[PDB]
Structure formats: structure tokens, C-alpha cells
There are 2 protein chains.
Amino acid sequence: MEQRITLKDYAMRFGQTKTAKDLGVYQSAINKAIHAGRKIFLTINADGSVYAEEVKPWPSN
Amino acid sequence: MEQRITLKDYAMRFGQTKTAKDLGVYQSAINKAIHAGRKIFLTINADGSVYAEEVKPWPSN
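Cut-offs applied
- Residues numbered from 1 in each chain as written, not as in the entry; some residues may be left out.
- Chains lettered and ligands numbered in written order.
- Heavy atoms only, no water.
- Salt bridge = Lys/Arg side-chain N within 4 Å of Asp/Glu carboxyl O.
- Helix = DSSP H or I, 4+ residues; strand = E, 2+ residues; numbered from the N terminus.
- Buried < 20%, exposed > 50% of the residue type's maximum accessible area, 1.4 Å probe, protein only.
- Pairing = 2+ DSSP bridges.
- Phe/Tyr/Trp six-rings, centres within 6.5 Å; stacked < 30°, edge-to-face > 60°.
- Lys NZ or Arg CZ within 6 Å of the ring centre and 35° of its normal.
- 1 Å grid on protein atoms, 1.4 Å probe; cavity = no way out; pocket = protein on both sides within 12 Å on 5 of 7 lines; lining within 4 Å.
- Points joined across faces, edges and corners; volume = space filled by probe spheres on them.
- Nonpolar A, V, L, I, M, F, W, Y, C, P; charged D, E, K, R; others polar.

In the PDB archive, X-ray crystallography is given as the structure determination method for this entry, at a resolution of 2.10 Å.

Have a look at this one:
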């Protein structure tokens, strides 16, 4: 069973730094995605590995 | 998209009280499931509603 958390909650509990590192992105991108409220969710695998995906309703608007 | 969190992480971030209340269980049951390490995950719906389920590999051992 995977865990699945929003980018914002994840960063809030673990810190921007660790989040950036976990995803391998340039740190400031984290801060910007949050502040822009995008719909990004991280999946935490059982082996501890992490990936992110942006999710939108289909269809659109 | 649902969020999905372990009982332990959920209680840790929100407090045992709110967890009990969220699930509608007798408070001390929370504490006992944790300390016994059962494999319990909460699903947080978009409308904000919460449910829990215990999960085991199939097949067994």
C-alpha cells in the first residue's frame, strides 16, 4: 500500500530542503509550486522512495 | 485524488483526540493500535471525510 500526500503537507511536515532533495528538484521550485497552489501529490513507496505528479480533473473546467 | 496516510503519522500530526473524533472511535483504541503496530491506513477524501482500513499482504506469511 502506498502513502499519498499533497506537496504542501509533505513540505510542511518534512521541510523544503528535504522535499527538494527527495524529489531531486531545485529547491526554489518547491516554494513556487506551493505558493501557486498547484495540484501536486507525492507517492511514498514502501521501500521509502518518492515521486510526484500533478493532477487535474478530466474533463477540464 | 484521495490522500492516504498511516494511522501513526495521522495521529502524530493531528493529535489522538482529533483522530478518535474523526473516526468516531473510543480514544484509547487509537493509542493501542499504534503501540501494537497494526497496518492501518486512513483515506482522506476530498470533501474532507475520513475512513480507516487495515491492510495485509496476500497471501499470508
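## Observations regarding the pattern of salt bridges
For the structure on display, the rule yields 12 salt bridges over all chains. Of the charged contacts, one joins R13 of chain B and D9 of chain A as a salt bridge, the two residues approaching to 3.6 Å between their closest N and O atoms. On the criterion of chain membership, the pair formed by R13 of chain B in helix α1 (residues 7-14) and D9 of chain A in helix α1 (residues 7-14) is interchain, its members lying in two chains. A salt bridge links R4 of chain B to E2 of chain B, with the nearest nitrogen and oxygen atoms 3.9 Å apart. By relative accessible area, which is 12% here, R4 of chain B ends up buried. Among the residues examined, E2 of chain B registers a relative accessible area of 22% and is labelled partly exposed.

## A look at the pairing of strand β2 (residues 40-44) of chain A
All names here are of chain A. Counting buried residues in β2 gives five out of five residues, a clear majority hidden from the surface. Residues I40, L42 and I44 line one face of β2 and the alternating positions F41 and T43 line the opposite face, and both faces are buried. Direction of pairing for strand β1 (residues 3-6) relative to β2: antiparallel, over a ladder of four bridges. Directly across from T6, in β2, lies its bridge partner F41. Across five bridges, the pairing between β2 and strand β3 (residues 50-54) is antiparallel. What sits directly across from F41, in β3, is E53.

## A few points about unusual backbone geometry
Negative phi characterises most residues that are not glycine, and trans characterises most peptide bonds. Residue and element names in this part refer to chain A. Residue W58 is joined to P59 through a cis peptide bond whose omega torsion reads 5 degrees. By the element assignment, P59 lies in the segment after β3. Positive phi, normally seen in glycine, also occurs at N61, with a value near 40 degrees. As for its placement among the helices and strands, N61 is situated in the segment after β3.

## Some words on the packing of aromatic side chains
Residue and element names in this part refer to chain A. Counted by the stated rule, this structure contains two aromatic pairs over all chains. Centre to centre, the rings of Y10 and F14 are 4.8 Å apart; their planes meet at 40 degrees, and the pair counts as tilted. On the criterion of helical spacing, the pair formed by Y10 and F14 is a turn pair, its members being four residues apart in helix α1. By relative accessible area, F14 is classed as partly exposed at 35%. Over the ring of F14 we find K18; its NZ or CZ atom is 5.2 Å from the centre of that ring.

## A short note on the layout of surface pockets
Taken as a whole, the largest pocket holds about 420 Å³ of empty space. The wall of the largest pocket is formed by 18 residues, among which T6, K39, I40 and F41 of chain A together with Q3 of chain B lie closest to the centre. Breaking the lining of the largest pocket down by element, the ones donating at least two residues are α1, α3 (28-35) and β2 of chain A. Sorting elements by how many residues they give to the lining of the largest pocket places α1 of chain A first, with three residues. Of the residues assigned to the lining of the largest pocket, the class counts are 10 nonpolar, four polar and four charged.

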